[PDB]
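Participant: Before anything else, here's the structure in question.
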Number of protein chains: 2
Amino acid sequence: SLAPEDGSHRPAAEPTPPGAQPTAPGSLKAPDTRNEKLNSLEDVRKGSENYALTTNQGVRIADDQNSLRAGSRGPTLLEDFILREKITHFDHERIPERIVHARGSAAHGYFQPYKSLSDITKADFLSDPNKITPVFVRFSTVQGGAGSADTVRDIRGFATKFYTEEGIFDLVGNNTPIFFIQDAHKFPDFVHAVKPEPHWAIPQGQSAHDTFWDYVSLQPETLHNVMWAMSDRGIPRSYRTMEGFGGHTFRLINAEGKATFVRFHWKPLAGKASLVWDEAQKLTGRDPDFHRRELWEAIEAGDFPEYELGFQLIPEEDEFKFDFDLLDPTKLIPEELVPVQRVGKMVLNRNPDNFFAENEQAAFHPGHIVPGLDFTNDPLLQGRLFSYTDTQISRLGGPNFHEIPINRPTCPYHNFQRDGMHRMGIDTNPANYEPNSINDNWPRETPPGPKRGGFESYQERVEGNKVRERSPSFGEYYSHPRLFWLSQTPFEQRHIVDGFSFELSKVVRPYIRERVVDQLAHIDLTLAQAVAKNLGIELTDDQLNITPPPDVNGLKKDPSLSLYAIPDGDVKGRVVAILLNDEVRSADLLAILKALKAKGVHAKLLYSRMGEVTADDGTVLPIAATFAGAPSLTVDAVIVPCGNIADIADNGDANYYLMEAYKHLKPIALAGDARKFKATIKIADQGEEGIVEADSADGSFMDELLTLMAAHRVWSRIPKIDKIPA
Amino acid sequence: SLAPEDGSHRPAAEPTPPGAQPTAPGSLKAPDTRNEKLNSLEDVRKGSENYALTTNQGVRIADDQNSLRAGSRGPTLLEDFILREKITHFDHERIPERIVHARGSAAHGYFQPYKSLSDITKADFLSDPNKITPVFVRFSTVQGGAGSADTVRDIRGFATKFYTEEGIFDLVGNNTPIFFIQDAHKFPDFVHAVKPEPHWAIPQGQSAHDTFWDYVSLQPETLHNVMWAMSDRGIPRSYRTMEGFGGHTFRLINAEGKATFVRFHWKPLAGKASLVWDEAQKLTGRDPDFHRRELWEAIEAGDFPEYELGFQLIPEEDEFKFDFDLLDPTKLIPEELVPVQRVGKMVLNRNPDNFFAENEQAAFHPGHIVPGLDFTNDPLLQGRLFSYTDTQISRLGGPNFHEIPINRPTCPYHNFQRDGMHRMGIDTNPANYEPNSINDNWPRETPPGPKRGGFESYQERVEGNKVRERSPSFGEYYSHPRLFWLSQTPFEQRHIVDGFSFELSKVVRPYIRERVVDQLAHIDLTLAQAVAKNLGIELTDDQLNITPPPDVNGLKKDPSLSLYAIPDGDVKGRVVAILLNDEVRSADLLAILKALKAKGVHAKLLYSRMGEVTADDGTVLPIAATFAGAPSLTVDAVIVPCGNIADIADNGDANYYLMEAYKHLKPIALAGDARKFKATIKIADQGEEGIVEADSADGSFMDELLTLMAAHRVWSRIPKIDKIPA
Ligand code: HDD
Ligand code: HDD
């Protein structure tokens, strides 16, 4: 026995806040969180306690410390099959990572509609509010490898596998409502331009390099998604606080065969929230697993990620009613024109047991649809349907990837397909072909119908010549970027400016920066001028004179495009650093933690060393991390309670803690003598909005703090931060 | 016709300093650099200028912007083979990364021995000082994925492929002289313990988590290499400024049949230099590609990485003359007892053309030896021999990985092996077996001999029973960690204490921190008490009385174990930040640059925006990066010239640049009114060692600054940094 006497090696199997317990495989953490998919995985879950260590062939190992050798200082013998099996498995552990979205973090959960959608779709999983569909959701970045950092500036993926009674439906979306390019044929070109450059494989997790900006400068269709990426959309605070979108127009098909154009949305019930660039970038170094950690910890704490599924619905007769093409995936559908109808809720409530087996091996593919859904001619979606099947043949080693446990349907699957590498299913059917008489033609085709019917494509009319040609209706590149720009708040606009400015400064060939600045002048002159000024570029007369693109169907903005214009901040699951001293006023701390608890806000108690400190009244306070070990980057606000403030007053790390949080626009609260830290961040005696201060941490001081936290960041502080050396 | 008219898209094909030009593929950057291996790759190099865009079957493509569809808004057609070939290739770009050492950066070079070593080895590549051997060297971290960050704390790999006239020899070493474990059977245990934990795949690039320290606390044999990893050896400044070691005892075999034991060494001719922890961590965020970029840029500049091959040589009859077992890979051979004999020089002087083709596909394996070398019974080496062949079968797709161009021998290779996936060689031999008469038994066996002879193993005596048993002579864990500790300077000991303290503070289960502290108590009490204090742990009276381990063969220390005890700095290839203002005194700048050029030191000119500023006298100064864009982390020293200081005096970023460099112990030089910045880093009027100051940059402001850079960092500043909030 190697475990400690007191059992402190094993985390409690009950929900606990971030950092109170060691994290654990989801079935050991939350053994009674069940869904039909989790239950069906029980046939392959393997335990460990009380079992003998064995080879893979079931032979018990006596000595797992030593190779077999001739003499105890002799050569290793070829007949050591225990060593070789163990080393062979190790030698072959890795499989190819995903071509794109290789970095991702996943969890199990469930979906339930708010109401029957049978009027617009025959999809069985939307037929009844009491129908619960298990899901497995993987969130991801796009550019970086599986080992890259989470808080990069990038698009994020948001892929949901629905295990429905009528097939797996995979909704494979991103956190912006469009993509960079129009036609799938260009996907390898765009992806090669953004990925590490081929001679030296730099940079990882970054669009901030010559080839990306070269491609963008030569392909103005990219400008819309580039605006999204350069805004704070590209740096979410958490996968829980970002939107999701299918990107493409798909179709719903009802029992009568009527088709309705649909775009899919996921609305985060924790609201929208993003980092600021300096904080995100520094966070890639301080914790490159920050989002992966934050997701896994939210679920272990019972702060389940929740999203509302939304449909923007457009009748078939309305295909041509907008001044952009519905099938152009570089164009969004403003919610002011077509509202998002809220259709159901998805809740992510259990982490995987084994990351490699369930997350790394999961296969999501937008061609995985079910009766009641169909495709459109969107030329980016069309070519996707080829790729997500093809790519699995090397990534997951052959065509039986659907037999990998996480990928298996929970509903029946039977057909005449046979063999392939690592074939699991042993078919007993005398027939492997149809039509057959020898098994009475089973399994049999099923006619399309209102429920449990076979899949039939919507009989869309196709008229034209075989051509490699972009639709003329796709040839407008500037008006959606502008609509997005005009819908941002002024501080969101300034961060977009800073995102282009920072990125372009890392482009080595100056003519690329100039060409990009030209494209910005086609979108908005104020934007183009602001970025030009940060690059030392002067706009020419021609450029000052470029007529702005037209409004989108008469819209001069749509506030649903902003992260922050319409407040939807939720503090549950956020985190505050509390900076301790060696004699904390226990009364400040009691009230603080009580008020945070009431709102579901977590706390990490921080000090200049590990172990514990003792409060004025003798309460022993355990330390979660040092100031340097858990930087302000990792929290949403900072409180400094009263006590022996002299203990920390001269600590560089504790002062810097506050400077960093201040620079990144986080709320700061200072009680009693903690107000002496106002000097480090240059706050006037009379105080400032976003700095909470009081003689003690009374009820009012906490309400003020928690109000600021609901608004996420103190945007009004931005003009004070450039004087601050941090 | 998309290139700019002025040709500025194309990097100058001649040596230029970091940042002056875009980087490029080696064969375009340095077309005149050659060696035998680079010449032999010529048949697979593919050009591009003036060629048509084609399919892989050579069919010219007319439209590479669109898929083939029925009507320009219609569905994509299955008959578009140009689209499917291009997506198919993209879909299968990725191959499995290396189980360990997945993150690495590589270059071509050559090796030449100083003199014939024929008296001690018949290895052809060591036989003649005129004999030049091409090499390809890949440096790496160990734990993180291929997309993880460079400046992590980790062991580093240093692998060299020698393309000799008698076979490929791979010398597959690391940057410390030992390993964590004794027997290869445990390799998957240790590697699993250090790698991201299996439920959630966290943390990347870091040993700072519970499973690593649980294994260490249960396996004291690990403590030697842990000491190294926790010292500044764990965070080198550059692959150019670290040592390399083969780790194991191997044999040399001369023409007479005499065996001599040998341990391999690489000495960096640029000297030994490491980062400090806070700087290394933050740098994984600001530039996760910093070592890869630095290596590529040094070679493009002509600062070729150079290393001296050295041997520690022990006669067979001295096998048992030490306090430790020569075969135990957790033990080092102190240079005090067995000096390193210099053998030859290696220069890395060309970057690859394609990172994937040459770096990612390169296969190094220490079983690749040549006649004149042989193995020993080291039980970690012994097991390695199995792994590096086996692992290539999945990583590189089959047994023909030696035909991938980078892996090919430059010397003849002929045998009776056939077939296998992606077989390139087309064999014309009528025979595929021997003995044969039908091809007169060719290719033929060759007897061993003084040169050009067949491989024969040295006839070592083996005697004992078939056992899975550790040699008792390996059962001593603490003496080498202690010898390591006592050989370090007091500031190096401080950094070791801080590395244990930081990592252990991230271990969630406290009993594990306590168990590790109990292990440090067996090594050295001062070390153990200093880590304990940082962790709030108190040593027991029993722990305080642990007798220290014996010295190693009479040694109370060995200064060759310290990075810094014996100065060996070299400033060539280092970089200085120069913080500009809008009216720079140009006499200061001429003097600065002239002095830096004279020592081969680079400079990057930084401002608050990109573009240019104009000096007092109309000299236009191009700006390389912004203060935020190229942080102090990325440079070795900072110089602030005189001019309009009021321009930058209240710029937060400019002040913080100096505070960050100050904290990280970098030399800082201030001229004239730039002395105003002394207030931000809290320097007294009369000055301090490590801050160079004067009315103007002369003559001997530059000699002082450069003397400080030669010493690398200002260690004496350490007591001052805790105060500073940065
Ligand atoms: C034809 C090329 C192509 C096209 C144009 C796109 N994708 Fe894709 N995508 C792939 C080809 C691909 C892929 C190579 O097939 C991936 C990588 C590995 C895999 O399993 O699928 C993938 C992965 C992938 C993932 C990760 C799924 C996972 O977590 O495993 C997401 C979320 C998206 N894609 C989303 C999108 C969106 C929203 C797109 C446009 C609206 C888009 N992709 C266009
Ligand atoms: C028995 C397993 C085993 C053991 C005990 C070791 N290695 Fe290893 N090593 C492997 C099994 C392995 C490997 C799985 O075979 C790798 C990864 C994939 C590859 O091509 O080789 C590898 C890669 C690898 C690399 C990277 C090569 C490259 O750049 O591609 C280096 C530098 C080392 N190792 C160095 C060492 C050192 C100095 C060791 C002890 C002194 C050591 N390894 C012990």
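Order determines the names: the first chain of the structure tokens is A, the second B, and so forth; residues in each chain are numbered 1 upward, and ligands are numbered 1 upward as they are shown.
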May I have a table of the residues of chain B lying at most 8 Å from ligand 1, giving each one's closest pair of atoms and their distance in Å to one decimal, counting only C-alpha atoms and all ligand atoms, ordered by chain and ascending residue number, as a tab-separated table?

Facilitator:
```
residue	atom	partner	partner_atom_place_in_ligand_line	distance
B:87	CA	ligand 1	1 (C)	6.3
B:90	CA	ligand 1	14 (C)	7.5
B:91	CA	ligand 1	14 (C)	5.3
```

Participant: Return as a PyMOL selection string the residues of protein, DNA or RNA that approach ligand 2 to within 7 Å, with only C-alpha atoms and all ligand atoms taken into account.

Facilitator: (chain A and resi 87+91) or (chain B and resi 98-101+104+138-140+157-159+172-174+178-179+184+187+246-248+329+362-365+380-381+383-384+386-388+391-392)

Participant: Write to file, as a PDB file, in the first residue's frame, the residues of the selection just made, with C-alpha atoms.

Facilitator:
```pdb
ATOM      1  CA  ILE A  87       7.401  -1.131 -25.019  1.00  0.00           C
ATOM      2  CA  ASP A  91       6.009   2.929 -29.157  1.00  0.00           C
TER       3      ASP A  91
ATOM      4  CA  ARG B  98       7.110  11.178 -31.882  1.00  0.00           C
ATOM      5  CA  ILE B  99       6.004   9.459 -28.683  1.00  0.00           C
ATOM      6  CA  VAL B 100       8.532  11.699 -26.839  1.00  0.00           C
ATOM      7  CA  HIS B 101      10.588  14.552 -28.108  1.00  0.00           C
ATOM      8  CA  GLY B 104      12.114  19.740 -32.138  1.00  0.00           C
ATOM      9  CA  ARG B 138      17.569  17.774 -34.321  1.00  0.00           C
ATOM     10  CA  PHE B 139      17.268  19.430 -30.905  1.00  0.00           C
ATOM     11  CA  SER B 140      14.009  18.913 -28.911  1.00  0.00           C
ATOM     12  CA  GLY B 157      17.178  16.238 -26.762  1.00  0.00           C
ATOM     13  CA  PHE B 158      20.264  16.678 -28.963  1.00  0.00           C
ATOM     14  CA  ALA B 159      20.258  14.058 -31.735  1.00  0.00           C
ATOM     15  CA  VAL B 172      20.962  10.300 -29.708  1.00  0.00           C
ATOM     16  CA  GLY B 173      21.744  12.365 -26.534  1.00  0.00           C
ATOM     17  CA  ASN B 174      20.161  14.832 -24.095  1.00  0.00           C
ATOM     18  CA  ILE B 178      22.103  11.076 -17.039  1.00  0.00           C
ATOM     19  CA  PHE B 179      18.492   9.927 -17.214  1.00  0.00           C
ATOM     20  CA  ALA B 184      14.000   0.576 -19.973  1.00  0.00           C
ATOM     21  CA  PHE B 187      10.243   3.944 -19.510  1.00  0.00           C
ATOM     22  CA  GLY B 246      25.175  10.553 -24.861  1.00  0.00           C
ATOM     23  CA  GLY B 247      24.155   9.537 -21.303  1.00  0.00           C
ATOM     24  CA  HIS B 248      25.270   5.909 -21.518  1.00  0.00           C
ATOM     25  CA  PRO B 329      22.509   5.653 -16.446  1.00  0.00           C
ATOM     26  CA  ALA B 362      13.867  12.297 -39.740  1.00  0.00           C
ATOM     27  CA  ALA B 363      14.351   9.035 -37.782  1.00  0.00           C
ATOM     28  CA  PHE B 364      17.227   8.893 -35.251  1.00  0.00           C
ATOM     29  CA  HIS B 365      17.986   5.658 -33.284  1.00  0.00           C
ATOM     30  CA  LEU B 380      18.269   1.549 -20.211  1.00  0.00           C
ATOM     31  CA  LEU B 381      20.414   1.528 -23.418  1.00  0.00           C
ATOM     32  CA  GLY B 383      15.872  -1.528 -24.041  1.00  0.00           C
ATOM     33  CA  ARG B 384      16.268   1.646 -26.153  1.00  0.00           C
ATOM     34  CA  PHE B 386      14.238  -2.217 -29.336  1.00  0.00           C
ATOM     35  CA  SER B 387      12.185   0.991 -29.260  1.00  0.00           C
ATOM     36  CA  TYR B 388      13.679   3.207 -32.003  1.00  0.00           C
ATOM     37  CA  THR B 391       8.275   3.030 -33.264  1.00  0.00           C
ATOM     38  CA  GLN B 392       9.025   3.979 -36.933  1.00  0.00           C
TER      39      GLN B 392
END
```

Participant: Excluding same-chain residues fewer than 6 positions from stretch 164-167 of chain A, what lies within 7 Å of it counting only C-alpha atoms, as a ChimeraX atom specification?

Facilitator: /A:124-125,133,370,409,411,452

Participant: Would you list, as a short mmCIF file (atom, residue, chain, number, x, y, z; two decimals) with N, CA and C atoms, in the first residue's frame, the residues of stretch 467-578 of chain B that end up in strand (DSSP E or B) under DSSP run on this structure's backbone?

Facilitator:
```cif
data_model
loop_
_atom_site.label_atom_id
_atom_site.label_comp_id
_atom_site.auth_asym_id
_atom_site.auth_seq_id
_atom_site.Cartn_x
_atom_site.Cartn_y
_atom_site.Cartn_z
N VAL B 467 17.40 -13.52 -15.12
CA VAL B 467 16.70 -12.83 -14.02
C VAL B 467 16.10 -11.50 -14.42
N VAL B 552 31.37 11.44 -3.86
CA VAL B 552 31.62 10.54 -4.98
C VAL B 552 33.11 10.46 -5.20
N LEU B 555 35.25 13.37 -4.01
CA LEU B 555 34.88 14.71 -4.50
C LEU B 555 33.84 15.47 -3.64
N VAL B 575 21.58 39.40 -28.71
CA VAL B 575 20.78 40.51 -29.23
C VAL B 575 20.51 41.55 -28.18
N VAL B 576 20.49 42.82 -28.59
CA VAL B 576 20.24 43.94 -27.71
C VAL B 576 18.98 44.66 -28.22
N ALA B 577 18.10 45.07 -27.31
CA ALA B 577 16.98 45.97 -27.69
C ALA B 577 17.48 47.38 -27.50
N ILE B 578 17.18 48.22 -28.48
CA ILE B 578 17.44 49.63 -28.42
C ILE B 578 16.12 50.38 -28.48
#
```

Participant: Using only C-alpha atoms, find the one residue out of B:517, B:242, B:645, B:535 that sits nearest to chain A.

Facilitator: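 That would be B:535, the residue with the smallest distance to chain A.
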
Participant: Give me, as a ChimeraX atom specification, the residues of stretch 241-370 of chain A that a backbone DSSP run labels helix (DSSP H, G or I).

Facilitator: /A:241,277-286,290-301,316-318,355-360

Participant: Quick one: write out the picked residues with N, CA, C and O atoms as a compact mmCIF listing (two decimals), in the first residue's frame?

Facilitator:
```txt
# COMPACT_ATOMS: atom_id res chain seq x y z
N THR A 241 -18.53 30.90 -22.59
CA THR A 241 -18.96 32.34 -22.79
C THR A 241 -18.71 32.80 -24.23
O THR A 241 -18.27 33.92 -24.49
N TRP A 277 -6.30 41.27 -25.36
CA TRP A 277 -5.16 40.60 -26.01
C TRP A 277 -3.92 40.33 -25.18
O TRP A 277 -3.43 39.21 -25.19
N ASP A 278 -3.44 41.35 -24.45
CA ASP A 278 -2.26 41.18 -23.61
C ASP A 278 -2.41 40.00 -22.61
O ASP A 278 -1.48 39.24 -22.42
N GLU A 279 -3.60 39.90 -22.02
CA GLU A 279 -3.93 38.93 -20.97
C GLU A 279 -3.97 37.57 -21.65
O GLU A 279 -3.34 36.61 -21.18
N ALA A 280 -4.72 37.46 -22.75
CA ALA A 280 -4.74 36.18 -23.51
C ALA A 280 -3.36 35.66 -23.87
O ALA A 280 -3.05 34.45 -23.72
N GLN A 281 -2.55 36.53 -24.45
CA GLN A 281 -1.21 36.12 -24.89
C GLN A 281 -0.33 35.70 -23.72
O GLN A 281 0.35 34.65 -23.75
N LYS A 282 -0.38 36.48 -22.64
CA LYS A 282 0.42 36.13 -21.51
C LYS A 282 -0.08 34.80 -20.93
O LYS A 282 0.72 33.97 -20.46
N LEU A 283 -1.40 34.61 -20.98
CA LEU A 283 -2.01 33.39 -20.46
C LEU A 283 -1.59 32.12 -21.25
O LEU A 283 -1.50 30.97 -20.65
N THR A 284 -1.34 32.26 -22.56
CA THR A 284 -0.77 31.10 -23.29
C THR A 284 0.55 30.57 -22.68
O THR A 284 0.88 29.38 -22.82
N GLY A 285 1.34 31.46 -22.08
CA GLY A 285 2.56 31.06 -21.33
C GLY A 285 2.34 30.61 -19.89
O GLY A 285 2.85 29.54 -19.47
N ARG A 286 1.49 31.33 -19.16
CA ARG A 286 1.24 30.99 -17.73
C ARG A 286 0.37 29.73 -17.57
O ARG A 286 0.56 28.96 -16.59
N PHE A 290 -5.50 26.60 -20.19
CA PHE A 290 -6.53 27.35 -19.40
C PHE A 290 -8.03 27.06 -19.73
O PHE A 290 -8.85 26.82 -18.82
N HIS A 291 -8.37 27.03 -21.02
CA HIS A 291 -9.74 26.71 -21.42
C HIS A 291 -10.13 25.23 -21.13
O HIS A 291 -11.26 24.95 -20.72
N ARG A 292 -9.23 24.32 -21.46
CA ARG A 292 -9.39 22.86 -21.16
C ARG A 292 -9.61 22.69 -19.63
O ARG A 292 -10.54 21.97 -19.20
N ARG A 293 -8.83 23.42 -18.84
CA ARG A 293 -8.94 23.31 -17.40
C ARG A 293 -10.24 23.92 -16.92
O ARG A 293 -10.96 23.36 -16.10
N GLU A 294 -10.58 25.05 -17.50
CA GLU A 294 -11.76 25.81 -17.05
C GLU A 294 -13.06 25.01 -17.34
O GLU A 294 -13.97 24.92 -16.52
N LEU A 295 -13.09 24.32 -18.48
CA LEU A 295 -14.25 23.54 -18.89
C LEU A 295 -14.36 22.35 -17.95
O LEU A 295 -15.43 22.08 -17.39
N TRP A 296 -13.25 21.63 -17.76
CA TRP A 296 -13.30 20.39 -16.96
C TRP A 296 -13.72 20.75 -15.49
O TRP A 296 -14.57 20.07 -14.88
N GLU A 297 -13.13 21.83 -14.96
CA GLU A 297 -13.45 22.30 -13.61
C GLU A 297 -14.87 22.83 -13.40
O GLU A 297 -15.44 22.61 -12.35
N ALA A 298 -15.45 23.45 -14.44
CA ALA A 298 -16.83 23.99 -14.38
C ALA A 298 -17.77 22.82 -14.23
O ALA A 298 -18.64 22.86 -13.37
N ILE A 299 -17.54 21.76 -15.02
CA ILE A 299 -18.38 20.54 -14.92
C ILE A 299 -18.23 19.82 -13.59
O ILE A 299 -19.25 19.40 -12.95
N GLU A 300 -17.00 19.75 -13.09
CA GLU A 300 -16.78 19.12 -11.76
C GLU A 300 -17.39 19.94 -10.64
O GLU A 300 -17.75 19.38 -9.58
N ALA A 301 -17.55 21.24 -10.87
CA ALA A 301 -18.16 22.10 -9.84
C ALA A 301 -19.68 22.15 -9.93
O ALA A 301 -20.30 22.71 -9.05
N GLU A 316 -38.53 28.96 -48.30
CA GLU A 316 -37.94 28.70 -49.59
C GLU A 316 -38.15 29.85 -50.60
O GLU A 316 -37.22 30.16 -51.35
N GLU A 317 -39.34 30.48 -50.60
CA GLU A 317 -39.71 31.62 -51.50
C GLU A 317 -38.90 32.86 -51.24
O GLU A 317 -38.98 33.82 -52.02
N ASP A 318 -38.21 32.91 -50.09
CA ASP A 318 -37.46 34.09 -49.69
C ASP A 318 -35.96 34.04 -49.99
O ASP A 318 -35.23 34.91 -49.55
N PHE A 355 -9.03 10.94 -21.99
CA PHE A 355 -9.07 11.98 -23.02
C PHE A 355 -8.80 11.34 -24.41
O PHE A 355 -9.47 11.66 -25.40
N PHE A 356 -7.78 10.47 -24.48
CA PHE A 356 -7.37 9.98 -25.82
C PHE A 356 -8.53 9.18 -26.39
O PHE A 356 -8.91 9.32 -27.57
N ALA A 357 -9.09 8.29 -25.57
CA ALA A 357 -10.08 7.29 -26.09
C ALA A 357 -11.41 8.01 -26.55
O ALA A 357 -11.98 7.68 -27.58
N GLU A 358 -11.85 9.00 -25.77
CA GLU A 358 -13.13 9.63 -26.06
C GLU A 358 -12.96 10.98 -26.84
O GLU A 358 -13.71 11.25 -27.77
N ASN A 359 -11.99 11.84 -26.45
CA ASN A 359 -11.87 13.14 -27.12
C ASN A 359 -11.01 12.91 -28.41
O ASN A 359 -11.46 13.13 -29.54
N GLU A 360 -9.77 12.44 -28.26
CA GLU A 360 -8.86 12.48 -29.42
C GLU A 360 -9.44 11.61 -30.55
O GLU A 360 -9.36 11.99 -31.73
```

Participant: Near stretch 491-497 of chain A, within 6 Å and counting only C-alpha atoms, which residues show up once chain neighbours fewer than 3 positions away are dropped, as a list in words?

Facilitator: residues 230, 231, 488, 500 and 531 of chain A

Participant: For the atom pair atom CA of residue A:61 and atom CA of residue A:352, what is the interatomic distance in Å to one decimal place?

Facilitator: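 Taking atom CA of residue A:61 and atom CA of residue A:352, their separation equals 28.9 Å.
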